[PDB]
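Numbers restart at 1 for each chain; the letters A, B, ... are given by sequence-line order, proteins then strands.
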Amino acid sequence: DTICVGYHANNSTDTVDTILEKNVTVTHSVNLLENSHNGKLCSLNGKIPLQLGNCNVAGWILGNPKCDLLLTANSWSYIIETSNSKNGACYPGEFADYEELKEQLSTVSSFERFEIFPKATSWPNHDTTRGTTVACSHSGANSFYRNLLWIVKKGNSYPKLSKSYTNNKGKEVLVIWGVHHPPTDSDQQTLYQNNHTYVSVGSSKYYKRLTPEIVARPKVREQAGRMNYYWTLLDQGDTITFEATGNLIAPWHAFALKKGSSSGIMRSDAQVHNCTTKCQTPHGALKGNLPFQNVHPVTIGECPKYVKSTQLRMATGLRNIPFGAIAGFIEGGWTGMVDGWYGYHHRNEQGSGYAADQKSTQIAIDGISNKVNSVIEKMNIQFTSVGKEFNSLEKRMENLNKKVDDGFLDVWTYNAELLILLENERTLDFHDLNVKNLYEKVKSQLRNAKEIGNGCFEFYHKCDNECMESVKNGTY
Amino acid sequence: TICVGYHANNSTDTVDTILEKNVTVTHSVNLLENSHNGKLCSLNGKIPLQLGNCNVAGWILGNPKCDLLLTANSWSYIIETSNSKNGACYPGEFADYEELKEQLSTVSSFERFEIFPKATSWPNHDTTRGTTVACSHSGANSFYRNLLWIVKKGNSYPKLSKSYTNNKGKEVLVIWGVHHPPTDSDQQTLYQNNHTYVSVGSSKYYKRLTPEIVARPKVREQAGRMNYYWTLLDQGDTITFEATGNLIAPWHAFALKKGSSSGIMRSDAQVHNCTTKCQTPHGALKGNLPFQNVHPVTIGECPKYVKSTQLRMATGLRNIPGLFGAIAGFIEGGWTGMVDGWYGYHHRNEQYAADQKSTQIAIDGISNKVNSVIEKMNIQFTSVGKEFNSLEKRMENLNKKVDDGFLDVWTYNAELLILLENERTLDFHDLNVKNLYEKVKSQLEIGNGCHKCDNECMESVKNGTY
Amino acid sequence: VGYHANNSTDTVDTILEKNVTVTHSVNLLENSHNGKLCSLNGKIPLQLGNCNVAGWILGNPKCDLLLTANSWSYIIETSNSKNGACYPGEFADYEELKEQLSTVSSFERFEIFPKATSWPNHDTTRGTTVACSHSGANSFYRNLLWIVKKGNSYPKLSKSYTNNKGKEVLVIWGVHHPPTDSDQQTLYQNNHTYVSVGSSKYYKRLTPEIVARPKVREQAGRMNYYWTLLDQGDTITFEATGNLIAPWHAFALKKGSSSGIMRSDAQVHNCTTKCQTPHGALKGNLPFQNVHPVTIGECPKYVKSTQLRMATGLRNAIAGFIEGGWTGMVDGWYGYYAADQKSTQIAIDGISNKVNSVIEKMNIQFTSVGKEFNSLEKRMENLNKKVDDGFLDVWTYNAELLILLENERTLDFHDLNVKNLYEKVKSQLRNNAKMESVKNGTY
Ligand SMILES: *[C@@H]1O[C@H](CO)[C@@H](O)[C@H](O)[C@H]1NC(C)=O
Ligand SMILES: *[C@@H]1O[C@H](CO)[C@@H](O)[C@H](O)[C@H]1NC(C)=O
Ligand SMILES: *[C@@H]1O[C@H](CO)[C@@H](O)[C@H](O)[C@H]1NC(C)=O
């Protein structure tokens, strides 16, 4: 009549790495690394993104006629630019501080387009009906931006223009306008009558006075002239004032903005689908339940922390064998014991049988669960971290931004990789010691029997099922 | 009988471990400072500079409302409040203002000096009429203390030319302005000439401006504007001013000394006659622990800022009035009666004691653990806030990504280090107890740690001789 | 049963105790260099020597040796790199220019506007100056052409170049601001000139201003230098009525890996290295270095540590009832003299795995040298320094604390292997005691 102390074994092929040994097969484990995505752009928590499509932000904000899809867009979760987002300023010219404008829009959660200077009434002394061009052609007729008004002279007079707008929206207002540089003096006079004109735009936080220059630039969309585009964010209660003797591409529509938290701009060619997610990358959406991911650095939503690891497997059970206990004097696990991690086997006159010690097993399960959750809890969820954009004269800032991203990426990959290596080694020694503690618990309790040596004990006396379950209960 | 056992007391202190939360321990040491004195103090005896109702612009330009600041020549740090609103009393823009503040944040002392003495520097122009209602002082039109509004003498404004070579042995902050009158009549009244220019040149700075007659909306009755400019003139370098009008000339400049411990702070807390080695905008810190969660903005030698609400490190053992079966094992509880150490013996014969040998080794080891964690933690020298204009959002967000990124790293390092070291410290005591039992067992068994043998013989067993 | 002892005096720290003598250990810190500037993976660096980048790119005549430079591994500036714009003036966006050149792997100088044929209506033979004197004769930059009037006429200049090289072309030019109206008329005839330079990504129209600046090398005038990167298929167009210091040679560029500009006075030698610092080359085999924070190549992480000694063996059970090690046992870590290859090889495999894991998870720094900020970029400069210093503290902390914690685990690791060997005879001899059969484990 014998009893043995032993541990659990199963058919698991899970391997984990530890600080002392690599690829160790264990009975239970949890993967902490997401390495897959669904290959779709999804809504974030139910809110669709804004797909700029063939338009870029400039074409969107200016109101390029090819971007009319976007005019009613007022609410989105993030902004998508594709490889075909090429429709921008149809009348050629540069947007000043374009990357800053994009950075501003990347946190916008609500966008309300309104007619800041109504076309029909704002400009009684000028002509509002002729500012169209073949460069902004739409459905076979010369056209122009939906959000700007190309004002020209009325008759043969362009009087001094002055127009103010006071923001009473209760939110900041995005105002856009332009300054036109004709290619010849004849075009200057034809459009604006006066020569040597100026355009001045002012608020309490903004001031710029421009003198348009006449220069013939290389032809883009038949245009040797240029329009330089400008924008500013007007605060509640602040007043923006336009003054011009010509060349003013006036605001027609502007946008009352609310800023949110979880949005950004993403560059992706993947398709939007009517799926939803808490975490989106340019390649596809992530499930976002594990603390780490190696799919993409650019995330939007509440996302696992990005690491360069290819695997982050955490040991929870013990070494799978189907302080000298596991693979020691107790040379192997019991696949026959299924209800727990540590337990007993007994040979009897009434028959054989495995039983698991729930007391020590639950303590081990409680401790390891606390270990895993602590590792998950100490890792922070990676709120929206989008891409950042730099112009061609910002290489040092771009490289500074790149050094930051790469430095934290190395730090977090190191911390995760070493934590799992060290915690896995400690977890296996934890189980090893609990078995050794359980072996000594019966040995220091049957001391009437002799240590067979292999985790077992031969009872020098008859020991029935009552006698067995008594030793297990700790009351023997 | 002799019993091997461990210490227990009346402590309710709890610590977290990687395996268990809320573990009551007999001894522990706080590593997280979470309180402040609500005061702005001197740094090691050095008074801060309270700008009060003035901001940096008003101080540097010399807004007449900032005259009381003129007696300040050395400070430990600079304070702006929610009411620091007195700046440019004559409206207009300060160029590269966030850079000027960045430069001044490491200045600990400066010397205001009369770079172009008003009485002698401008013989061919008028220095006696450059006042405005916009800069009123005591009910009279006035002007900046550090700039001079030069106008025409009689009906002529000749070409102005003046140089200054910095021989102060320090960088000199030079400030000036260019006036943009609102009407051609005002241009003629003040400067006679039209189509004027102002040029300012040194070996590291060059700018030629043509003033523009423009009617801006009235601020403090002024439809005109003054644009302010500054530069740091190196030792041995020369700055040259040239103008046919519209020059708001330097009158006073500042020879700067940069110090190791100083910054600009935004705070509404009051200055008091306290001193501190570590200051935040909310109040001063004691600065004894390696971590603090009061504020990211520090001045002095300060604990590292973390987001943690508790950083509790175990030094004693589980408190019971485990891994190795001794503590919370066969010895089911601690001895409140044993007070002289962590591990020891209780004996009973015909006529509690602490094992000083076993206790001292563990005390020596745990002190080393705690000290190592403190020494590896570095003092956080002065880290102030940075400022960005409304067209510097990307840089502002890059700066914030850096602050937040290192903040998350150090919060992780502190919290997880404590979580893992607490587990090892409790397992350390548990193992030291099992070793004390097995040492007695290897000499002489009831089970709970417990020939006639009096005191000489027992105390010998404690001594290890039997 | 016993453990190994030898004559090593190596000391290591652990979280629980400092200065513990160990039988074997490994240093994880490279703290020495060969005091030489070497080639990187086989590619010679570019020594600017007494020229700075401006003098190199403009083609200051004192920089003629550099004209053959087409491929380098990194660029070296010395404390005597002072030959720049010999005719005084500055490059707009000069730190950006340097940042662009810091990543260039191929450089092909070509004659964008051939001086003998590009300017038939202007004079190409008089744009020389005592300020750029060479071999006792007035001279000028090798890469720019100082065009002046032909006879008494300076007609409107118009020259385009279309980039068809299939790679970016660095184009450089200048705009001259004479000190007096007489010099303006003498050089360019016209009084109210302009220079406009345009591509699809660049446009600037400048009106030169006649101003007498302080004399630098006898020049009261100034030349403002400009640069741009012209994309494939794009056209740059120059138009001017005077004051144009025109392109003469430009540069077809290929972008390479993340090398940089180094400030160093060490001498270049015919050595090669995987990792270079301004003080000297590193062997680059260990995961950490404290030689210099400025690295180029595949380099160990920079730390503030003076020592990073990792225990691999045991202290010279241990230091308990067994009051000492056997200096006489030489064949292994544990044994009975004979060493147990099972017990010793298992520990060697594990400790070798621990050492390798610390090294394997450590990444190369791959940093960048010479981040420069102008005098109005102090906030950006301080931001860059906050990043460098912040990671320095993190890695110094991670390295030092890792070594403290793993050393304690290593010394207890050996201690437990001794107890397991000691218990190995007890679970074998049973009650037959108070040889090769016990060692084999079959007794
Ligand atoms: C284990 O056995 C089950 C059948 O019960 C089988 O489906 C599975 O593939 C086997 N292997 C693992 C690793 O679970
Ligand atoms: C979108 O969802 C609807 C209903 O869930 C489904 O009919 C449709 O196929 C989905 N995909 C589309 C519209 O591309
Ligand atoms: C500008 O100055 C000139 C002198 O050169 C004078 O004749 C003219 O009247 C002035 N113009 C105005 C508007 O004051």
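Looking at B/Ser84 and B/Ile79, their side chains never come closer than 4.5 Å, going by heavy atoms from C-beta outward. Side-chain contact between A/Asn64 and A/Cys55: absent, with no pair of heavy atoms (C-beta onward) separated by less than 4.5 Å. Two residues are said to be in side-chain contact when any heavy atoms from C-beta on lie closer than 4.5 Å; A/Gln51 and A/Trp76 fail this criterion. Side-chain contact between A/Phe242 and A/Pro251: present, with at least one pair of heavy atoms (C-beta onward) separated by less than 4.5 Å.
Salt bridge annotation for B/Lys101-B/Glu80: present, with a cationic side-chain nitrogen under 4.0 angstrom from a carboxylate oxygen. At a threshold of 4.0 Å, the pair A/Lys171-A/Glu112 does not count as salt-bridged, since none of the basic side-chain nitrogens sits closer than that to a carboxylate oxygen. Under 4.0 Å is where a charged nitrogen must lie from a carboxylate oxygen, and between A/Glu103 and A/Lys388 at least one such pair does. Classification of B/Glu396 and B/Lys393 as a salt-bridged pair holds, one side-chain N sitting under 4.0 Å from a carboxylate O.
Note: A/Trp252 and A/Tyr145 fail the aromatic proximity criterion, with ring centroids not under 6.0 Å apart. For an aromatic pair to be called close, the ring centres must be under 6.0 Å apart, and A/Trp177 with A/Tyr206 satisfies this. Taking the six-membered ring for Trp, A/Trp60 and A/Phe111 have ring centres closer than 6.0 Å.
Taking OG of A/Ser77 as the start and CD1 of A/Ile79 as the end, the distance is 9.5 Å to the nearest 0.5 Å. Rounded to the nearest 0.5 angstrom, C/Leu376 CG and B/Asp96 CG are separated by 4.5 Å. Interatomic distance, CG of A/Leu149 versus CG of A/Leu248, reported as 8.5 Å (0.5 Å rounding). Here the CG atom belonging to B/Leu51 is positioned 12.0 Å from the CE atom belonging to B/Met265, to the nearest 0.5 angstrom. Rounding to the nearest 0.5 Å places CG of B/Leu209 at 6.5 Å from NE2 of B/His180. Once rounded to the nearest 0.5 Å, the distance linking NE2 of B/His179 with CZ of B/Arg225 reads 10.0 Å.
Considering B/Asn193, B/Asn194, B/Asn246 as possible partners of B/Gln187, the one that fulfils the side chain to side chain donor-acceptor pair (under 3.5 Å) test is B/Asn246. Partner of A/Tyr91 under the ring-ring contact (aromatic ring centres under 6.0 Å, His included) criterion, out of A/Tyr229, A/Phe144, A/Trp150: A/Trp150 alone.
By the neighbour-count criterion of 12 heavy atoms within 6.0 Å, atom CZ of A/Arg130 is sparsely surrounded, having that number or fewer from other residues, nucleotides or ligands. Within 6.0 Å of CG on A/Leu71 lie more than 12 heavy atoms contributed by other residues, nucleotides or ligands. The environment of CD1 in B/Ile213 is crowded: more than 12 heavy-atom neighbours from other residues, nucleotides or ligands sit within 6.0 Å. Applying the 6.0 Å contact sphere to NZ of B/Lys218 captures no more than 12 heavy atoms from other residues, nucleotides or ligands.
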Tabulate below the donor-acceptor pairs under 3.5 Å that side-chain atoms of residues 130-139 of chain B make, not counting sequence neighbours, or state none.
{"from": "B/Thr132", "atom 1": "OG1", "to": "B/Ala134", "atom 2": "N", "distance (Å)": "3.1"}
{"from": "B/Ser136", "atom 1": "OG", "to": "B/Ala140", "atom 2": "O", "distance (Å)": "3.4"}

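Evaluation of the salt bridge (charged side-chain N to carboxylate O under 4.0 Å, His left out) rule for B/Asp404 yields B/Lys400 as partners, not counting sequence neighbours. Evaluation of the ring-ring contact (aromatic ring centres under 6.0 Å, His included) rule for A/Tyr165 yields A/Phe114 as partners, not counting sequence neighbours.
Using cut-offs of 30° and 60° on the angle between ring planes, the pair B/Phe94 and B/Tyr97 is tilted. The aromatic rings of A/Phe117 and A/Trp123 sit perpendicular to each other, their planes meeting at more than 60°, with 30° as the lower class boundary.
When only modelled atom types and interatomic distance are considered, A/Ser164 and A/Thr241 share a side-chain donor-acceptor pair under 3.5 Å. In summary, the side chains of B/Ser82 and B/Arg266 do present a donor paired with an acceptor at a separation below 3.5 Å, with no hydrogens or angles considered.
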